[PDB]
Each structure stands twice: as structure tokens, then as C-alpha cells.
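Protein chains in written order, with the deposited numbering: chain A, 4 to 121, 259 to 390, 393 to 940; chain B, 4 to 121, 259 to 390, 393 to 940.
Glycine included, C-beta positions come from ideal geometry on N, C-alpha and C.
Presented below is the structure to which this report refers.
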DNA sequence: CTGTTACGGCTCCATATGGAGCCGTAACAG
DNA sequence: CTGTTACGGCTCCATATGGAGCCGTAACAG
Ligand SMILES: Nc1ncnc2c1ncn2[C@@H]1O[C@H](COP(=O)(O)OP(=O)(O)NP(=O)(O)O)[C@@H](O)[C@H]1O
Ligand SMILES: Nc1ncnc2c1ncn2[C@@H]1O[C@H](COP(=O)(O)OP(=O)(O)NP(=O)(O)O)[C@@H](O)[C@H]1O
Ligand SMILES: [Zn+2]
Ligand SMILES: [Zn+2]
Ligand SMILES: [Zn+2]
Ligand SMILES: [Zn+2]
């Protein structure tokens with residue numbers, strides 16, 4: 004009844020020995036980068052998944068790929084592990100919310116059993269859109285055909301074919317020797333048409349033939365190369381047909399192809415995804431599509447109030463009970479505004495995670511260890527009780543939860559807390575304390591216990607800043623479920639936008655404000671939202687978005703060169719006596735130009751070795767021993783250390799080393815302020831997590847010279863941060879605001895909210911019922927509003 | 004604590020409602036085809052696997068494919084399911100027995116920790269052959285390079301290039317327009333060589349250039365087609381190089399490629415799979431390869447008797463304990479003769495299943511339902527106690543076993559028995575009885591209880607046949623572990639070959655006797671085994687092997703046309719008054735020739751419909767409604783039924799219908815005798831299981847006119863058969879022997895053994911210790927031998 | 001010195017024909 | 001009538017080039 008883990012060496016773990024109780028609610032807590040998330044996901048989930056995959060069929064194991072074993076001695080008493088974290092994918096159009104939650108099948112069963120028609261017999265398999273019997277013939281069950289408009293094909297019909305008329309990738313005729321150019325020349329020769337005449341003056345038949353091919357006509361096409369020539373017979377498919385075939389054959395490429403394609407609803411079924419005859423069967427005056435289009439809460443209400451005869455109740459008791467239970471679970475999780483007809487692709491991370499949690503609750507799996515990553519993220523404070531009750535119900539049926547959460551309310555409901563610390567990175571990785579909440583609070587050495595007992599807390603400000611007369615106004619915001627509202631955001635103050643889950647705040651910000659600001663100032667190409675007008679553009683210089691996206695897709699970028707301190711370091715290295723004597727330059731001491739980098743590894747530092755029946759394995763270079771530089775570059779020294787030693791130095795040690803140089807001390811102090819004192823100046827960007835990337839971006843913004851006309855947009859920066867990290871982030875944001883800029887943060891944590899300078903609340907509910915503005919102004923003014931959940935919470939906090 | 008299954012409609016299940024207790028030893032029993040195996044595998048395992056896969060990552064779900072949901076209402080309380088059945092795959096050479104059993108890692112740990120050298261430091265990752273650090277450089281860790289001998293390239297060097305010198309597929313120059321022929325012509329033009337001169341007279345340099353390519357040389361190659369011509373520049377890779385690339389890029395193709403390739407051991411490491419320096423570290427005077435080459439039992443004995451100092455025992459207590467426990471589990475399963483260096487590819491179904499069972503025992507997963515398919519198959523009677531103890535130990539750590547077994551000893555050890563009957567196919571599919579063994583025995587209606595109580599039993603024969611002087615002698619059998627023995631097999635009597643597991647009987651039969659008989663009489667091309675001579679070939683006409691291999695890979699073959707009764711049925715249909723009036727022919731009434739089959743479905747009867755983002759779905763044809771015939775053919779009738787009704791008729795109903803025609807009555811009675819009275823004459827071969835195919839083959843052999851010079855070879859025909867099926871098979875085999883033929887059966891069940899006419903025993907143990915002959919003669923004579931396990935068992939049986 | 005803009009260089013990720021087996025049929029021998 | 005052999009017909013499974021983003025560097029203005 005214990006999951007004994009002995010000898011854990013993954014990442015930065017200091018060979019800990021932890022005994023986690025089984026079939027209980029266990030929460031693992033630690034600072035950002037302390038190693039708790041690593042200890043959970045990379046050790047326990049990986050071991051369980053590897054064991055179950057190996058126990059399964061070999062072909063399925065090869066299909067799922069090869070999973071490396073964890074660097075752990077042995078683990079005793081492990082059950083199969085299911086990981087529920089914030090992830091999303093395009094998946095397929097065949098998948099919707101209803102079929103993911105396994106409720107559409109029960110709806111089909113109910114319709115086939117007790118539904119009445121208004259001809260083949262009614263069958264449960266008929267109502268499904270995945271079978272040819274019930275699928276709409278025109279839209280083949282998708283319900284929305286995909287096509288590319290001719291307008292998007294050529295951005296400028298006046299321009300000629302070679303002038304840049306092919307905006308789509310893979311078909312441009314810019315290259316003379318390109319296959320597309322050869323095909324275009326062959327088509328022009330066959331049609332006796334000249335490239336000089338643009339599409340505007342060309343006959344429509346010629347353009348149609350070019351776009352949709354020759355419709356099976358076979359013509360002789362001659363190809364040329366540097367030293368090869370010949371002729372072959374083939375039929376041109378067309379640019380649109382080839383693009384459609386390429387899209388159907390196969393993420394980035396899919397997005398690029400869909401950028402030029404505008405989906406439209408099927409006209410035969412109007413998006414019902416079913417045959418016209420299949421919708422004849424109706425229950426209570428409503429067909430299947432109408433029920434699927436209803437929101438979860440009102441659908442549950444309609445099913446509860448549904449009346450039926452004795453025979454109907456006898457024949458459909460089980461289906462009705464199961465549907466009611468599943469809808470109750472869906473409501474209890476917190477998604478009472480979703481519609482069963484909504485495509486699963488257009489779902490946020492939190493909504494998808496909650497949907498998966500509800501599906502796992504409804505499935506009824508027993509004896510499975512569950513690993514969760516902050517279920518409370520992206521969820522309002524008022525739903526914490528519902529989420530905790532749902533988690534307790536899920537655990538009670540014979541499961542255990544290894545929830546990695548830092549919320550204060552979660553700590554008071556768990557049965558076992560494991561704390562990792564004391565610091566982060568190399569400083570942490572040890573089990574400082576563990577036990578129930580009382581023992582953690584009594585423990586003085588525990589980092590979480592100090593914040594829980596109240597020894598350290600975020601003090602509310604006593605004086606709040608006021609607007610200086612510069613305002614930004616949004617008029618006619620009608621995107622998604624917004625009910626044509628007008629919002630005023632003051633400039634020069636810390637602005638926080640709150641609201642009930644799914645109220646439309648995230649849409650209103652991302653799809654409208656950031657996109658319009660980028661298109662108006664950054665000179666980008668992004669489709670804006672559905673808004674009337676925006677006033678206050680002239681008050682801004684540029685807009686910067688901070689997110690947890692990776693800062694680099696290549697191992698040639700590290701924080702030292704991203705922040706910009708690398709150039710200053712190289713200047714000092716090249717301005718030494720030895721470099722001047724040898725006639726070196728500041729560009730020599732960098733692993734991105736020929737002359738200084740190691741020749742064997744081409745400056746990457748990692749060599750590639752391939753095996754006969756194994757994926758390529760990366761090995762450290764032997765010539766340079768992974769130092770990324772040759773002997774000549776490493777010969778020079780500066781105060782006892784060479785370039786490799788500086789690159790392999792932590793932030794605090796670098797600050798201690800460069801105390802005499804202010805132009806670098808400033809940048810290193812900026813990096814240290816955001817709490818990145820444990821990383822080194824040579825860590826590859828591909829190994830940087832989301833929090834590290836966000837902190838690096840914040841440090842970069844801090845280092846810049848503020849002009850007082852910069853707008854920062856943040857989308858829940860407190861995703862994956864402890865209380866101390868929250869305090870540090872609040873301090874950094876206040877410093878940024880005091881610098882002379884304005885910050886807009888979509889935050890749900892009460893600690894950040896209570897220290898804001900201007901609060902905009904969107905409600906009063908979620909889904910179509912919300913989209914309005916309830917309260918505005920300072921938090922003190924908002925707390926006085928009776929009909930506002932955020933106001934009541936702020937009244938309790940303050 | 005119950006796995007409640009309600010409304011099961013898979014295959015032939017009659018909507019059963021079963022409540023299986025949790026965390027217990029449950030055995031599901033039934034006749035061959037009754038539906039027990041379906042009810043287990045297709046319902047419970049499928050539902051559990053689908054639930055766990057859907058609970059996992061979406062990309063992994065797509066990688067593993069789409070699994071159709073079972074036709075079941077709902078299942079309550081299901082844990083993840085792992086299926087352990089007789090399956091095998093080529094896998095990869097990187098996988099051996101040791102790494103599958105997860106013991107090689109512990110051996111590496113022990114060698115790195117306490118092993119002593121005789259240079260970089262010793263590291264656990266160095267000893268592995270999957271990393272470049274310790275892998276042999278020449279053989280890249282495989283230990284046996286793969287190459288194709290030049291002799292196998294051309295079967296006849298005297299013949300010219302176009303005379304059939306390219307025996308390998310994909311490179312023949314028979315087709316004038318083939319790419320291979322064009323490449324050969326281009327090479328001949330470049331080398332100024334003629335095709336008339338064969339390889340015997342051609343210079344060796346030209347042959348080497350042809351085989352291994354031009355070694356990067358670029359030449360102009362001209363290609364021609366029906367109406368296309370041109371030239372291109374390319375470098376010839378060579379036939380051998382292209383074949384190697386094709387093999388490396390990617393089962394049937396792999397086997398075909400390996401047929402022309404003779405694997406040889408690596409000369410640098412002599413198959414040690416490691417660098418010469420890595421084998422320097424030795425423990426107790428033995429390196430890693432020597433330990434891996436030892437058998438399991440002697441390796442366990444060596445580890446048990448190993449002595450170490452106090453510090454060594456303190457530092458390697460856990461590794462030694464785990465290795466000893468794993469080797470003890472391996473011995474207890476029954477595989478005490480295997481070597482850890484043996485490749486996993488060359489393993490039988492039973493050995494692989496037992497290895498997987500031992501690995502699952504060692505892993506120690508908890509809260510997982512285990513489904514097993516006759517673990518006792520391919521195992522001697524003396525190891526049943528060990529296997530049962532192993533299964534009980536596996537269950538005791540918090541698991542349940544849904545073992546589908548029919549062995550008598552298993553019934554007396556289980557905690558719950560579920561019986562399906564009464565018959566098979568449409569006749570069965572109902573839960574006749576369930577409970578403990580006592581209640582099953584007391585139940586009169588239970589099919590298994592009647593055999594268990596002793597009401598029905600296989601009576602031992604009182605008079606046994608004797609050899610007639612015709613004998614078959616094998617001289618110098620040295621294949622595999624056979625110790626150059628000579629065996630005498632009498633002809634005209636029922637011969638059964640027994641022995642301890644892994645004694646070499648299966649090798650001695652399959653790799654030598656059947657292959658030589660086929661090559662000498664059937665005029666086949668199969669490499670025989672390592673034997674000196676065989677005497678008695680002139681006494682035989684042909685040899686027939688009966689196995690559970692599928693009889694057809696296409697839906698155009700059914701038992702009606704395989705047995706040959708279809709031609710006789712069509713003759714009577716064409717010999718009616720209506721057919722004569724219409725001028726029809728006997729070939730019209732068949733779905734394999736144009737004229738009678740449905741035009742829309744081309745006689746297959748199933749139409750194909752493809753979706754945009756879904757795999758192609760098969761749908762019954764709408765024009766013919768799946769009758770596979772047009773209206774004109776179905777118009778004719780014979781005694782009130784048409785051809786479709788005859789095809790859709792069961793065996794017993796067909797026997798009742800055709801009582802007046804003896805030439806069809808004989809064949810239908812033959813089919814009914816082997817117990818296939820529940821199938822229909824229109825079932826596709828692709829849907830036929832192994833037992834059905836074996837019974838169809840037996841019926842086909844029975845139908846043939848016996849000439850008294852036929853040899854039948856069977857390899858465990860009782861794999862997946864109940865006691866009644868065993869009795870029927872024994873009766874059929876006795877009928878075959880009485881017909882005038884000789885049957886050789888490698889059987890382990892005592893019921894078949896006790897009714898044999900001649901018993902050949904191989905022992906006295908398995909592995910290298912066995913391979914000899916212990917006892918020979920009638921079972922009564924064998925039972926008197928004291929030093930024979932089979933004789934000891936037959937003493938109690940008789 | 002310090003910030004900005006523009007240009008050049010570099011890297012990772014993306015997009016139809018032959019062979020084995022079975023069925024039907026003609027011819028022949030018992 | 002019936003078994004055997006040989007031939008023809010049919011079917012399923014198998015085998016290199018452009019674009020987005022980051023880094024280094026020259027030029028210019030405060
Ligand atoms: N692609 C879409 N198509 C249609 N409606 C959408 C789409 N995306 C969002 N919506 C609607 O817009 C509402 C608000 O979405 P959004 O603003 O992203 O929510 P949110 O406040 O971030 N919710 P949460 O994740 O709980 O924090 C949703 O409740 C939907 O009703
Ligand atoms: N490919 C192989 N290479 C080397 N040795 C082999 C190979 N196959 C089998 N052997 C050896 O031959 C012995 C007998 O094999 P085999 O005759 O197939 O056993 P079996 O009687 O069928 N055993 P079982 O499966 O337990 O019923 C094995 O124990 C091995 O030692
Ligand atoms: Zn439609
Ligand atoms: Zn190097
Ligand atoms: Zn070697
Ligand atoms: Zn048809």
C-alpha cells in the first residue's frame with residue numbers, strides 16, 4: 004500500500020527516498036524549478052507508461068515509439084499511470100465534445116429506442269455520423285466542407301504569374317528550374333497562352349484550367365535540368381487540387399494550408415452532420431441536432447423535466463440515468479456553458495483538461511494512479527469547492543491522485559503533502575518536509591509552511607495609482623459571445639481583467655486588442671477580431687506579449703545571447719592583452735561563425751552517431767570534449783577563467799565575478815531579480831521550460847530602456863508558480879508599471895488581483911449568458927458591488 | 004468488487020449477464036467455438052484496452068490505431084487489461100531473452116559496481269550494447285552482420301543475364317520495359333559489355349561493378365517508354381546495395399530478403415555484442431558474455447554459490463537479491479534450459495508466452511486484470527504444479543486472472559468457473575452454469591461437469607495394433623541439441639512423440655522429417671535439417687501437414703468450395719429442368735466467373751466506401767442485398783430453395799436436405815463428423831479461426847480416397863480443444879489409422895497418449911542435457927520404465 | 001557610449017509492377 | 001462415374017527544395 008521510490012536521479016534530484024501512500028490524495032509542492040514536477044512526471048508517469056506499454060503488444064509499443072527508462076534504482080508497487088495536463092491538438096473534425104465525453108452514443112441509443120419518427261427501421265448505428273448509413277452524403281459527415289477561395293489564391297490579380305501571384309508555398313514559379321515553373325511553361329505552351337498577360341486580362345477558361353487542372357486531359361510535358369532533358373506524358377491536376385491532396389495526405395503545414403482555406407457550413411444539412419431523413423425522429427419536439435446544440439445546463443434541465451409513459455421509463459431507465467449522471471458530472475466539473483456540438487479542436491487548455499477529467503470520472507476505471515498538473519488553473523475561485531468535490535469523488539472509487547498544485551485551498555483538502563526545496567535547481571531537489579497540513583505548518587524549515595502559517599504574506603497596498611487622463615477605448619466588441627460592449631482601459635496603471643470562467647475576457651483580449659495593436663504598430667499580418675473602433679492608438683509605441691512559448695527551436699540559442707550580455711562579455715574577452723597580441727576579434731569568441739568554433743562538431747558541441755536498427759543517438763564530441771571551442775580560443779583567459787568557464791557559470795556566480803563591470807552587472811542583476819539565479823549562461827533553449835522562458839522574457843523587457851509608451855499583455859502569468867514566485871512576479875510587474883508603462887494581465891489569483899490598480903470585470907455568467915461588463919474601477923470600489931462574485935471575494939480578502 | 008457485464012452481443016453471445024468476482028482465479032470454459040474465448044478477448048480485453056488508450060495521449064491513440072468498441076451495453080468496474088496469448092514476432096536483433104526479462108540491466112549494474120577490471261572509468265551505461273560507448277564498432281552492437289552470399293545471387297552462373305540469373309525478386313530483367321532492364325542496358329553501354337557473355341566468362345571487375353554499383357561514379361542513363369523518352373544522370377547503387385537498403389528501410395518481404403542472406407557472426411567480438419575492452423571486467427573469473435551464455439539453472443546456481451566480501455555484499459545486496467528472485471521466477475515458470483544470449487526471434491509461442499508471464503510476475507504491476515489463453519499448452523504434465531504455483535503467486539500480489547483453459551488440473555485449483563454451452567456456434571452462447579468446482583460437478587446440465595465427475599471418459603483400448611514390418615529410420619540426427627541419435631518410427635500405426643519440454647522432439651520432427659519428406663515427394667524447395675540418412679522413403683506416396691494456419695487470405699474461398707462439394711452442388715443445380723430450358727451451364731452458378739455473379743459488387747458481395755478523414759468502411763451491397771448473385775441466377779430453384787439459401791445453410795440442415803444424393807451426403811457427413819455442424823457453407827475463410835481451419839483440413843483428408851501410403855504429421859492438434867473435442871479428434875485419428883495410413887502426433891495430453899499405438903520418448907531433460915531417446919514401444923511397455931516421467935505418469939493413468 | 005534599423009548568414013522542419021495462393025476447367029487414365 | 005494433373009484466370013500484399021526564426025554585423029542618430 005506504499006509506492007516506495009528509492010534512488011531517484013532524474014534531472015536535479017538529490018537521490019531522494021520517498022514513500023507515497025497509496026489510494027489517497029497526495030499533493031506535491033515546490034518552487035518553480037525545484038524538481039517536484041520532474042519527480043512526478045519524468046519518474047512515476049514515465050515508469051508506469053513504459054511498464055504498461057512493454058506489457059502490451061510489441062507492435063503497439065513500436066507504434067507509440069521508444070520511451071527511455073528513468074534514472075531510478077527501483078520502484079515498488081506501481082499501477083498504470085494516466086497523465087492529465089494542459090495539452091491540445093487539432094485531432095480530427097469527426098471528434099466533438101459529445102463523442103469525447105461518451106454521451107453522443109447514449110443520445111443515439113435513446114433516440115433509436117424511444118424516439119418517434121414523423259423507410260428503413262430505426263437503428264442505433266443510423267444516428268451516428270461516422271457510418272455511411274447516417275452520414276450526410278454531400279458533406280460526408282464532416283458538416284463543413286473545406287475549400288480555398290479564389291481570392292486568396294492570388295493577392296493581386298493585376299500582377300503577372302511571375303510577379304508573385306502564387307502566395308501559397310510549394311507552388312511558386314520564382315525559381316526558373318522549379319517543377320512548378322516547368323509545369324506552368326508546359327501549360328502555357330499547350331494552351332498557346334503567354335505569361336505576359338495577367339489573370340485580369342486572361343480568359344476565365346484559361347484561369348480555370350490552370351487552377352483545377354486539365355480535367356483528365358493528357359498532354360506532352362518537357363522537363364529540363366542542369367544536364368538532363370526529356371519528355372513525359374501526364375495530366376495536370378491543378379494547384380488547388382494538388383494543395384487539397386497534400387492537405388488530405390498528412393501541424394505547421396496543416397495550419398499553413400488552412401490559412402488559405404475558409405471553411406463554410408454544408409448547405410444540405412446546415413451543419414447537422416447527418417442525413418435529412420435521420421433528423422425526422424424527434425423527442426419532445428426536438429431532434430438530435432437541436433439537443434446537441436443546447437448548452438449542458440439547459441440540456442440537463444430539459445432531460446430532468448422530460449416526461450414519459452410507463453413503458454418508455456421501463457425501456458429507457460438505464461440510458462436516462464447514465465446521461466443524467468454524466469451531465470451532472472460535467473456541470474460539477476465547471477463546464478456548464480459548453481455546447482455538445484462544439485468542435486473539440488477549438489478548445490483551450492483548461493477546458494480540454496477539465497473535459498478529460500470528467501471523462502475519466504465517468505469511465506469508472508479502478509486501480510489506476512492518476513497524475514494531475516494544477517487542475518485549478520484557468521478556473522475562477524468560486525468553483526474551487528466544486529472541483530475539490532469532483533476530485534474527491536474521482537479518488538473515492540478506488541484511485542489515487544498525485545496532484546501537483548500550489549493553490550492555498552487545495553492544501554487544506556489533501557491527505558498528504560510532499561514538499562521539495564529549499565530553493566530551485568542545484569539548490570533544491572531534497573524532501574525538506576512531508577506529512578499532513580498541520581505538520582507542514584508546524585515545520586519551520588518548510589517553505590510552504592511559512593506562507594501557510596502567515597509568517598510571510600503579500601501586503602495589500604495602501605495608496606493606489608490613478609489614471610492620468612490617457613485612456614484606451616474599445617467600441618463594438620462583438621467577437622464570439624460578447625454582447626457589443628464598450629470597455630475603457632486606463633494607461634500607465636496596472637490593469638487586471640477578471641471574470642467568471644468562459645465570460646469572453648480571453649477572447650476580447652487576444653482576438654481583438656493584441657491583434658489590432660500588432661497590426662497597427664508592429665506592422666504584422668494577422669486577422670483582427672470583430673470590433674467597431676479602437677481609440678488611443680496614438681498613445682502607444684509598440685506592444686509586447688509575454689507567454690510561456692519556447693524562446694528558441696535550436697540549440698544555438700542560450701539566455702546569455704538572448705538577453706544580449708554575450709556581446710558585452712565577448713567585447714571584454716577580445717579587449718584583453720592576449721587577444722590584442724594575437725590580433726583576434728570579438729567575433730572569434732562565439733560558436734556561430736567559422737574561426738572560433740570547434741571544427742569536428744561545427745560549433746554545436748554534439749556529434750551524431752547512427753545505428754542499423756535504432757534511432758540516431760547523440761553523443762558529446764570527443765575532439766573538443768563538449769567545450770564548443772578549439773584549443774586556440776580556450777587558450778586565452780580573463781581573470782583566471784576562459785570562455786567555456788564563463789559559459790558554464792551560474793547567474794549568482796557570474797554576478798559575483800563581474801562586480802567591477804557595470805554594463806554587465808546591470809543585466810546580470812536584472813536576470814537575478816526575476817529569480818533565475820540557478821540557471822547557467824550556457825543552457826540550451828530547447829531544454830528551457832515555460833516558466834524559465836517567461837522569466838527570461840521578463841528580464842529582457844526589464845533590461846530595455848523604457849520610453850514610457852510600451853504596452854505589455856500577459857495571459858495568466860501565474861500558471862505554475864508558487865506563492866513566493868507570485869510575490870516576485872507582483873514586484874516585477876509593479877516595477878514595470880512604475881517605469882512608466884502599462885500592463886494588462888488576465889489573472890484569477892486573488893493575490894495578484896488585490897494588488898491591481900484597475901479591475902475590469904466581465905460577467906455575470908459564462909457562455910452566451912455572459913459577455914457583458916459588471917463592475918469597473920479600483921478594487922475597493924469593486925468590492926462594494928453586491929452582485930459580483932469577484933467583489934464579494936475581494937471584500938472577504940480585504 | 005464485481006466486473007458486471009450486462010447485454011453482451013459480440014459474435015454469437017445470447018445477451019448474457021455475468022458477474023465475475025474481482026481479485027480471484029476465474030477460469031472460463033467451453034467447447035471449441037462456444038463463445039467463451041470471444042466473450043473474454045473481444046469484450047473485456049477490448050473494452051479495457053480501448054478505455055486505457057482513450058485515457059492516454061491522442062497521438063499515441065492514433066499511432067496504435069482505431070479500436071472498435073464492443074457491442075456491449077455497459078461494463079462496471081473494469082481495470083486495464085493485459086492479454087497474454089500465443090503470439091510471436093521477428094522484433095529486432097537488439098532484443099534478447101535477457102533484456103526482455105529485464106535481467107541484463109541488473110547484470111550490467113552488478114558488473115559496473117562490483118566487477119573488477121584487468259582507460260575510462262567503469263560505468264553502468266558502458267556495458268549495454270544499445271549505446272555507442274560499449275557497442276562493438278565493427279558489428280555496431282548486433283553481433284552478427286547480415287550479408288548475401290554471391291552464390292545465392294545467381295543460381296546458375298553459366299546462364300546469361302536474361303536467361304534467369306536474377307532469382308531475387310524486384311531486380312529481374314525479364315520485362316523489356318522494366319527499370320531493372322533499363323539500368324542493366326545502361327550499365328552494359330557504359331562498360332561496353334554485351335549481354336551474351338555470361339558471368340562465367342565475364343571479367344570479375346564487371347560483375348563486381350554490377351553487384352556493388354559504380355561506387356559513386358556518375359554516368360548518363362537513358363530511359364524509354366511507350367511514348368516517353370529522355371536522359372538523366374545517376375549513380376548505380378548495385379543490386380546488393382539496393383536490396384540491403386530496401387531491407388533496412390522496412393514480414394513477408396523481410397523473410398524473402400533474409401532467404402537470400404546468410405547471417406554470420408562478427409569476427410571482431412565473436413558474437414559478444416560488445417567492445418573488446420568492455421569484456422576485460424570479470425567477476426569470479428567470468429565476463430559478462432560467459433555469464434549470459436550460461437543456462438538459467440546453472441547461472442542461478444553460480445550466483446547462489448558466489449562468495450563476496452562484506453563491502454561487496456553491502457554494496458550489491460539489492461542487485462543480487464533481485465537477480466536471484468528473477469531467476470527463481472524464471473525457473474519456477476518452467477524455462478530452466480534457456481540461455482540469456484538466445485535471440486528473442488527464435489522462440490516458439492509457448493516459450494514466448496511463458497517468458498512474458500515471468501516478466502509480468504517480475505514487474506509487479508498492481509490492480510491490473512490479466513487475461514490468459516491456455517498457459518498450460520506446450521508444457522509437460524509434470525510442470526503443471528509449478529505453473530499453478532506461479533499463477534497463484536502472480537494473482538496474490540493484487541491481480542485477477544481470466545484464464546481460458548480446459549485442463550483438468552486447472553479446474554481443481556481455480557476459485558470460480560464459468561461454463562458456456564451447451565453446444566457451439568448458434569447452439570451455444572449461454573451461461574449454462576457457474577460456481578466452484580463442487581457446484582459444477584453437482585450440476586447435471588453442465589457440459590464440463592459430466593466429464594469432471596466421470597460420467598463420460600475416454601476408455602483405454604484393450605487391443606493395440608502392431609507394426610507390419612515397414613519401418614522408417616532416421617540416422618545421424620544432429621540438428622540443434624540432438625546428440626546424434628537414431629529413431630525408428632513404425633508405419634501403419636498411430637505414433638505419438640512425447641518428452642520433457644524442450645527436449646528437441648519438435649525440432650527433430652519439423653526441421654528434419656517433414657522437410658525431407660516434402661523435398662523428396664512433394665517436390666518442394668525447403669532447406670532440410672542436419673541429418674545423415676533416412677530409410678523408408680519408398681514406402682510413402684505423399685506427406686500432408688495439418689496445422690492451424692488459415693486456409694484462405696481472401697473472402698472468395700469458403701468451406702463449401704474448399705472441400706469440393708460446391709462442384710457437385712452446382713452440377714445438380716445446372717441439371718434441373720429450368721437450367722436446361724434456359725441453356726445455362728454449371729459454371730454460371732458460381733461467384734468467381736463473369737455471367738452469374740453480381741455486377742455491382744463483382745461477386746464479392748461487399749462494396750467499399752471511403753471517407754475524408756476515416757479508413758475505408760465496408761458496406762453490404764445494395765443492388766444484390768449481399769446475395770452475391772443477380773436476379774436471373776436466383777430465379778432458378780431446386781426443391782424450394784435457390785443457391786443463396788443453400789449457401790446460407792448450416793451443415794446439419796444441409797445433411798437433412800441432401801439425404802437422397804449420396805455423392806454429397808458422404809462429404810457432408812464427413813464435415814459433420816469433425817464437429818463442424820454449426821458453421822454454414824458460405825462463411826468466409828478470413829473469419830475462420832484456427833480450430834475451424836484444422837477441422838476443415840481433417841475433413842478434407844478424410845474425404846479423399848485412401849491409398850494406404852499417406853503420412854500425416856500433426857503438431858499438437860489439441861491446442862484449444864475441450865475434452866469432448868479431444869475425444870472426437872481421437873476417434874477421427876483412429877479412423878484415419880484404420881483406413882491404412884500412419885499418423886505422427888507430437889502430443890502432451892495424457893488422454894491422447896494413453897490411446898497411442900507407438901510412443902517415442904525424448905529426454906531425460908531439456909536443453910543441452912537432453913536430445914536423447916529414453917524409452918520406445920507400446921505405452922504398456924513404456925509405463926514399466928522407472929527412469930521416465932512419461933512412463934511414471936502412464937503407470938497411474940493406466 | 002548606447003540604442004535602433006537594416007542586411008547577410010545559418011539552421012531545422014515540412015512536403016506503379018511483381019509474386020504467392022486459390023478457383024475453375026480441359027484432358028486423361030482407372 | 002471418379003480421381004489426378006496441367007493450364008489459365010483472378011486477387012491481395014509488398015517495395016530533393018522551400019520557408020520561418022535567430023544570430024552576427026554594418027550603418028546611423030542621440
Ligand atoms: N472557436 C470558438 N467558436 C465558438 N465559440 C467560441 C470559440 N472559442 C470560444 N468561444 C466562446 O467564447 C466563450 C469565451 O471564451 P474564452 O474567452 O476563451 O474563455 P475563458 O474566459 O478564457 N475561459 P477559461 O478557460 O475558463 O478561463 C466560450 O465560453 C465560448 O462560448
Ligand atoms: N533457433 C534455435 N537456435 C538454437 N537453439 C535452438 C533453436 N531453436 C531451438 N533450439 C534448441 O532446441 C531445443 C529444443 O527445441 P524444440 O524442439 O523446439 O522444443 P519443444 O519440444 O517444442 N519445447 P516446448 O515448446 O516446451 O514444447 C531448445 O530447448 C533449444 O535449446
Ligand atoms: Zn451536409
Ligand atoms: Zn567538437
Ligand atoms: Zn563485433
Ligand atoms: Zn452486388
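Taking 7 Å as the cut-off between beta carbons, the residues of the segment 746 to 779 of chain B near chain A are 751, 753, 754, 755, 756, 759 and 761, in sequence order.
For residue 54 of chain A, a Cβ of chain B is located within less than 8 Å of the residue's own Cβ. Residue pairing by DSSP places residue 783 of chain B opposite B:780 in a beta bridge. In this structure, residue 434 of chain A has its beta carbon at no less than 7 Å from each heavy atom of ligand 6. Distance from the CA atom of residue 855 of chain A to the CA atom of residue 664 of chain A, rounded to whole angstroms, is 14 Å. Annotation: residue 602 of chain A is outside any alpha helix (DSSP H) and is labelled neither H nor E by DSSP. In this structure, the alpha-carbon of residue 512 of chain A lies about 14 Å from that of residue 54 of chain B. For residue 510 of chain A, at least one C-beta of chain B is nearer than 8 Å to its own C-beta. Closer than 8 Å to the CB of residue 373 of chain B there is at least one CB belonging to chain A. Counting only Cβ-Cβ distances below 8 Å, residue 432 of chain B has no contacts in chain A at all, with the closest Cβ about 25 Å away.
Put simply, the backbone Cα of residue 472 of chain B is about 30 Å away from that of residue 405 of chain B.
Scanning its chain for C-beta atoms nearer than 8 Å, with the 5 sequence neighbours on each side dropped, one finds around residue 572 of chain A the residues 17, 19, 562, 563 and 564, in chain order. Closer than 8 Å to the CB of residue 97 of chain A there is at least one CB belonging to chain B. One alpha carbon belongs to residue 884 of chain B, the other to residue 489 of chain B, and they sit about 29 Å apart. Scanning the segment 637 to 721 of chain A for uninterrupted alpha helix (DSSP H) segments of 4 residues or longer gives 701 to 705 and 707 to 716, listed from N- to C-terminal end. When DSSP states are grouped into helix, strand and coil, residue 884 of chain B belongs to the strand group. Annotated three-state conformation of residue 82 of chain B is coil, per DSSP.
Residue range 572 to 577 is occupied by the beta strand (DSSP E) that includes residue 572 of chain B. Proximity of chain A to residue 892 of chain B at the Cβ level (cut-off 9 Å) is not reached, the minimal Cβ distance being about 33 Å. Below the 7 Å Cβ cutoff, chain B contributes 67 as neighbours of residue 63 of chain A, in chain order.
Scanning chain B for C-beta atoms nearer than 8 Å to the C-beta of residue 532 of chain A yields nothing, as the closest lies near 17 Å away.
Think of a sphere of 7 Å around the beta carbon of residue 367 of chain A: the chain B residues whose beta carbon falls inside it are 373, in chain order. For residue 902 of chain A, the closest C-alpha among the options A:627, A:421 and A:600 is that of A:627. Counting only runs of 4+ residues, the alpha helix (DSSP H) found wholly inside the segment 820 to 889 of chain A occupies 832 to 845 and 865 to 881, in chain order. Chain A places no beta carbon closer than 8 Å to that of residue 385 of chain B, leaving this residue out of the contacts.
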